[PDB]
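Engineer: Take this structure first; my questions come after.
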Amino acid sequence: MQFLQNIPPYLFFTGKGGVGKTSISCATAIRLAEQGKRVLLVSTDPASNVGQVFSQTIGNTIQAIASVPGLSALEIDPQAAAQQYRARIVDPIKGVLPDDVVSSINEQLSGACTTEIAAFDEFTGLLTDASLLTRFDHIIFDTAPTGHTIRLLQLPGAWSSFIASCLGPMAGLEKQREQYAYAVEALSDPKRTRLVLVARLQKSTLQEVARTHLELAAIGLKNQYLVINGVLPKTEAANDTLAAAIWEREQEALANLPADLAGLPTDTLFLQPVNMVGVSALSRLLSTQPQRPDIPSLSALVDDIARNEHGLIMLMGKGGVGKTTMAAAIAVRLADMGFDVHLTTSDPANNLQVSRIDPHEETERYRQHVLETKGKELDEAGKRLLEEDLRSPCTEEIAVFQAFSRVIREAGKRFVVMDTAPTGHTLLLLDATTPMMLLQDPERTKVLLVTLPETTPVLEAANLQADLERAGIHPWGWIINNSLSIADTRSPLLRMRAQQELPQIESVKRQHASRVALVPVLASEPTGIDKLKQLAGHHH
Ligand SMILES: Nc1ncnc2c1ncn2[C@@H]1O[C@H](COP(=O)(O)OP(=O)(O)O)[C@@H](O)[C@H]1O
Ligand SMILES: Nc1ncnc2c1ncn2[C@@H]1O[C@H](COP(=O)(O)OP(=O)(O)O)[C@@H](O)[C@H]1O
Ligand SMILES: [Cl-]
Ligand SMILES: [Cl-]
Ligand SMILES: [Cl-]
Ligand SMILES: [Mg+2]
Ligand SMILES: [Mg+2]
Numbered sequence: 011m012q013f014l015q016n017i018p019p020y021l022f023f024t025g026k027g028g029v030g031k032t033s034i035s036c037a038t039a040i041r042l043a044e045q046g047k048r049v050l051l052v053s054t055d056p057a058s059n060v061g062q063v064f065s066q067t068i069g070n071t072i073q074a075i076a077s078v079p080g081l082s083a084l085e086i087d088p089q090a091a092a093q094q095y096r097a098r099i100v101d102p103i104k105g106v107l108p109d110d111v112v113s114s115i116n117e118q119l120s121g122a123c124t125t126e127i128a129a130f131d132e133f134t135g136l137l138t139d140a141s142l143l144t145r146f147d148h149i150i151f152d153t154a155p156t157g158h159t160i161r162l163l164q165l166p167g168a169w170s171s172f173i174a175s176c177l178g179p180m181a182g183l184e185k186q187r188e189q190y191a192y193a194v195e196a197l198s199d200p201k202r203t204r205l206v207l208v209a210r211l212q213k214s215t216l217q218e219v220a221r222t223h224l225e226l227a228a229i230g231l232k233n234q235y236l237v238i239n240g241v242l243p244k245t246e247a248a249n250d251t252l253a254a255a256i257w258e259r260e261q262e263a264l265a266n267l268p269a270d271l272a273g274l275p276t277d278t279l280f281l282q283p284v285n286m287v288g289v290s291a292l293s294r295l296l297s298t299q300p301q302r303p304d305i306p307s308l309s310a311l312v313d314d315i316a317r318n319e320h321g322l323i324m325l326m327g328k329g330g331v332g333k334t335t336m337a338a339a340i341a342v343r344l345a346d347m348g349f350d351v352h353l354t355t356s357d358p359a360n361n362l363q364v365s366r367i368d369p370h371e372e373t374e375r376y377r378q379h380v381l382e383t384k385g386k387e388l389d390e391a392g393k394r395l396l397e398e399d400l401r402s403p404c405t406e407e408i409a410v411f412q413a414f415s416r417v418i419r420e421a422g423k424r425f426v427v428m429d430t431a432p433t434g435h436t437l438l439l440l441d442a443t444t445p446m447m448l449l450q451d452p453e454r455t456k457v458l459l460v461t462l463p464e465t466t467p468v469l470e471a472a473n474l475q476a477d478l479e480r481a482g483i484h485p486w487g488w489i490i491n492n493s494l495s496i497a498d499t500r501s502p503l504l505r506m507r508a509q510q511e512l513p514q515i516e517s518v519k520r521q522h523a524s525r526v527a528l529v530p531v532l533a534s535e536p537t538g539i540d541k542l543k544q545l546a547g548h549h550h
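In terms of the numbering used here, the sequence shown opens at residue 11 and continues consecutively.
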């Protein structure tokens with residue numbers, strides 16, 4: 011693998027939940043420890059499972075991995091780090107400022123943004139500890155900071171400005187400005203840091219990764235490698251329509267990578283029949299050469315949704331899980347059964363009217379607004395700090411939700427279906443200053459969580475649900491999209507993967523959701539009403 015060659019001391023893997031960052035990191039560590047290198051594997055995930063893969067426990071203390079001489083591990087808990095970040099700022103004012111005030115300040119430090127800043131504080135400590143490179147040849151991280159977090163920390167305004175906002179976290183920066191600048195130099199130095207962009211052969215993901223590449227390079231991280239994971243080996247595309255349609259779909263994408271990633275050294279890793287749970291399994295991942303559950307169809311959820319003839323239906327979930335596709339499929343079925351439906355989308359690509367809002371224009375409107383509102387009196391460094399804060403992922407969600415709010419009032423006379431929604435955290439924040447009760451009322455609004463029959467994706471969906479719950483919003487149901495167990499295939503590899511889904515689909519059924527739907531992988535893309543209708547399955 012090109013990414014495995016002459017690696018600098020710091021190795022970072024970035025990419026969406028479940029693309030394979032941790033798996034690839036563990037396999038990389040083993041491989042390097044076996045070449046005689048001293049390796050430190052830094053587990054960064056919220057519910058770390060790294061200990062599991064090595065069949066041993068690991069904590070916030072460096073420990074050698076008994077089963078792999080040369081390798082040690084360290085777990086940095088992000089939820090714990092944000093918690094302490096929050097406590098450092100809030101504890102001094104408890105019993106001082108009135109309870110509602112403290113509670114408001116506390117909520118401002120409970121979003122994904124505070125968690126990212128806290129994670130960076132953790133990354134910074136490791137990146138600045140020169141002693142580490144005295145004991146280790148390489149330190150591998152299974153996540154990486156975002157361009158947004160890095161830009162925030164490099165802005166002069168962050169160290170001299172006082173102003174829905176996510177800058178509250180800044181107040182908690184543990185270290186001196188010099189250490190963060192140092193950490194940033196370490197990240198931008200190709201002789202010290204290598205960044206691996208992990209992706210899947212799917213047109214959508216590739217575009218997101220392309221964007222990530224441009225943001226990080228723009229900041230100075232130009233030592234980047236592209237690793238395409240889970241690729242279907244051609245062999246499997248023999249004697250099977252799905253495996254062939256899939257193999258065909260990835261191939262097109264593989265041969266038509268987005269221009270921005272074309273010049274990057276690219277390696278591909280084949281799809282494995284079993285979720286790697288040991289060293290042999292892990293190491294097999296770097297190789298250069300190669301029955302159903304009892305869950306209702308989407309039709310079923312839609313059937314129960316139709317019951318009251320109207321209402322607000324909101325599809326939520328992480329990026330790329332299928333919110334827009336599911337929302338489309340829901341609106342089509344409702345419309346097809348005589349109900350009045352109004353579908354709203356943020357993605358540019360009768361008795362059913364569709365509204366498309368342009369995220370960019372809404373964001374910019376909303377941005378212009380918060381700028382004249384909170385920007386006055388701020389010097390220029392302060393305005394740039396504020397502008398960068400308006401570059402958080404939540405800024406867009408707020409702006410788009412803002413726009414969808416125009417037609418959310420129609421949920422009273424018909425069905426309004428939205429393909430995206432803000433977080434519970436953001437909702438709470440917006441409600442501090444918006445139709446909160448509407449969203450909280452179980453009748454009027456039905457929140458659907460879209461996810462995948464995979465480990466990380468399920469955990470991420472569960473965390474999004476816990477957060478909505480804090481905001482008094484209970485998800486009405488869960489939709490497990492792209493399932494193989496529900497799809498028909500004779501491909502042994504595929505059926506093997508379908509089997510790997512069972513545990514995840516089970517944890518959703520008996521722990522996360524009351525109402526659950528299973529949607530099959532359709533191969534290609536459900537772009538036409540036909541395909542869209544095919545996802546639902548039949549009545550009764
Ligand atoms: N090429 C692959 N083939 C088959 N399974 C894979 C591959 N890469 C990862 N996985 C499996 O997928 C899950 C995806 O996870 P992980 O590597 O935890 O990614 P992330 O850290 O990006 O969430 C695990 O259950 C895992 O063992
Ligand atoms: N069941 C499915 N079968 C095949 N492709 C799917 C399925 N669900 C989603 N996709 C495809 O996946 C992408 C994932 O997207 P999208 O539904 O736009 O989700 P989101 O709105 O959550 O980002 C699009 O390329 C899409 O058409
Ligand atoms: Cl946030
Ligand atoms: Cl936050
Ligand atoms: Cl932030
Ligand atoms: Mg991980
Ligand atoms: Mg979408």
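We treat Cβ as the ideally placed atom computed from N, Cα and C, and that holds for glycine.
Exposed or buried, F133, counting other C-beta atoms within 10 Å across all chains shown (16 or more means buried)?
Structural biologist: For the purposes of this step, residue 133 is taken as residue 123 along the sequence shown, with counting starting at 1. Classification for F133: buried.
Engineer: State the Cα-Cα distance for the pair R401 and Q509, rounded to the nearest angstrom.
Structural biologist: Indexing the sequence shown from 1 puts residue 401 at position 391. Indexing the sequence shown from 1 puts residue 509 at position 499. About 41 Å.
Engineer: So, does the segment 327-347 touch the segment 374-391, judging by three or more C-beta pairs under 8 Å?
Structural biologist: No, the segment 327-347 is not in contact with the segment 374-391.
Engineer: Look at the alpha carbon of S297 and the alpha carbon of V63, and state the distance between them as a whole number of angstroms.
Structural biologist: The residue given as residue 297 occupies position 287 in the sequence shown. The residue given as residue 63 occupies position 53 in the sequence shown. Rounded to whole angstroms, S297 to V63 spans 19 Å at the Cα level.
Engineer: Looking at C-beta atoms only, is the number of pairs between the segment 183-195 and the segment 50-65 that lie closer than 8 Å three or more?
Structural biologist: no
Engineer: Does ligand 3 have a heavy atom nearer than 7 Å to the CB of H435?
Structural biologist: Position 425 of the sequence shown, counted from the start, is the residue given in the question as residue 435. At least one heavy atom of ligand 3 is nearer than 7 Å to the Cβ of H435, so yes.
Engineer: Residues in the same chain with beta-carbon distance under 6 Å from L51, minus the five sequence neighbours each way, listed in chain order, please.
Structural biologist: Sequence index remark: in the sequence shown, residue 51 carries index 41 (1-based). For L51, where only same-chain residues beyond five positions count, the Cβ hits under 6 Å are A39, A83 and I150.
Engineer: Taking the beta carbon of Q301 as the centre, do at least 16 other beta carbons fall within 10 Å, making it buried, or is it exposed?
Structural biologist: Start at 1 with the first residue of the sequence shown, and residue 301 comes out as number 291. Under a 10 Å Cβ-count criterion, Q301 is classified as exposed, with fewer than 16 other Cβ atoms of the shown protein chains found around its own Cβ.
Engineer: Quick check on the contact list: which residues have their beta carbon closer than 7 Å to a heavy atom of ligand 2?
Structural biologist: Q212, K213, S214, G327, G329, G330, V331, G332, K333, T334, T335, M336, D357, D429, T430, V460, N491, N492, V529, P530, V531, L532, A533, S534, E535, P536, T537 and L545
Engineer: Just to confirm the assignment, what range does the beta strand (DSSP E) spanning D277 have?
Structural biologist: For this step, residue 277 is matched to residue 267 along the sequence shown. Note, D277: beta strand (DSSP E), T276 to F280.
Engineer: Helix, strand or coil for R302, going by three-state DSSP, please let me know.
Structural biologist: Residue numbering aside, residue 302 sits at position 292 when the sequence shown is read from its first letter. Coil.
Engineer: Is the CB-CB distance between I418 and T436 below 8 Å?
Structural biologist: Looking up residue 418 in the sequence shown gives position 408. Looking up residue 436 in the sequence shown gives position 426. Not closer than 8 Å, so no.
Engineer: Identify the continuous alpha helix (DSSP H) that holds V410 and give its terminal residues.
Structural biologist: Within the sequence shown, residue 410 is the residue found at index 400, counting from 1. First-last of the alpha helix (DSSP H) with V410: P403 to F414.
Engineer: Smallest Cα separation from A90: which of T124, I72, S77 and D110?
Structural biologist: In the sequence shown, the residue the question calls residue 90 occupies position 80. Closest option to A90, Cα to Cα, is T124.
Engineer: Going by DSSP in three states, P530 sits in which element: helix, strand or coil?
Structural biologist: Stepping through the sequence shown from its first residue, residue 530 is reached at position 520. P530: strand per DSSP, three-state reduction.
Engineer: At 3 residues or longer, and completely inside the segment 404-480: list those beta strand (DSSP E) runs for me, N to C.
Structural biologist: Runs of the beta strand (DSSP E) lying entirely within the segment 404-480 and spanning at least 3 residues, in chain order: 425-428 and 455-461.
Engineer: Specify whether the segment 444-460 and the segment 311-325 touch according to this definition: at least 3 beta carbon pairs, one from each stretch, less than 8 Å apart.
Structural biologist: In short, these stretches touch, since the Cβ pair count reaches three.
Engineer: Could you tell me whether any non-hydrogen atom of ligand 3 is closer than 7 Å to the CB of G178?
Structural biologist: Within the sequence shown, residue 178 is the residue found at index 168, counting from 1. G178: no, Cβ never under 7 Å from ligand 3.
Engineer: Check for me: the beta strand (DSSP E) holding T24 runs from which residue to which?
Structural biologist: Position 14 of the sequence shown holds residue 24. Where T24 is concerned, the enclosing beta strand (DSSP E) stretches over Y20 to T24.
Engineer: Would you mind working out which of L211, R221, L274 and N266 sits nearest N233, comparing C-alpha positions?
Structural biologist: Position 223 of the sequence shown, counted from the start, is the residue given in the question as residue 233. It is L274 whose Cα lies nearest to the Cα of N233.
Engineer: For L207, which residues in the same chain have their Cβ closer than 8 Å to its Cβ, ignoring the five residues on either side in sequence?
Structural biologist: Numbered from 1 along the sequence shown, position 197 holds the residue referred to as residue 207. Once the five neighbours on either side are set aside, the close Cβ partners of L207 are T24, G25, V219, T222, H223, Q234, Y235, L236, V237, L271 and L274.
Engineer: Excluding five sequence neighbours on each side, which residues of the same chain lie with their C-beta closer than 6 Å to the C-beta of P369?
Structural biologist: Here the question's residue 369 lines up with position 359 in the sequence shown. Correct list, in chain order: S356, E406 and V410.
Engineer: Any idea what DSSP makes of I496, helix, strand or coil?
Structural biologist: Along the sequence shown, read from residue 1 onward, the residue named residue 496 stands at position 486. Correct three-state label for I496: coil.
Engineer: What does DSSP give as the partner residue(s) for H320 in the beta ladder?
Structural biologist: For this step, residue 320 is matched to residue 310 along the sequence shown. Beta-bridge partners of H320 (DSSP): none assigned.
Engineer: Beta-carbon within less than 6 Å of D350's beta-carbon, same chain only, minus the 5 sequence neighbours each way: which residues are those?
Structural biologist: Within the sequence shown, the letter at position 340 stands for residue 350. Cβ neighbours of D350 beyond the five flanking positions: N361 and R424.
Engineer: What would DSSP say about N361, mapped onto helix, strand or coil?
Structural biologist: Stepping through the sequence shown from its first residue, residue 361 is reached at position 351. Note: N361 maps to coil in three-state DSSP.
Engineer: Find the nearest neighbour of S175 within the set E262, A442, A472 and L532, judged by alpha-carbon distance.
Structural biologist: For the purposes of this step, residue 175 is taken as the residue at position 165 of the sequence shown. With distances taken between Cα atoms, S175 lies closest to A442.
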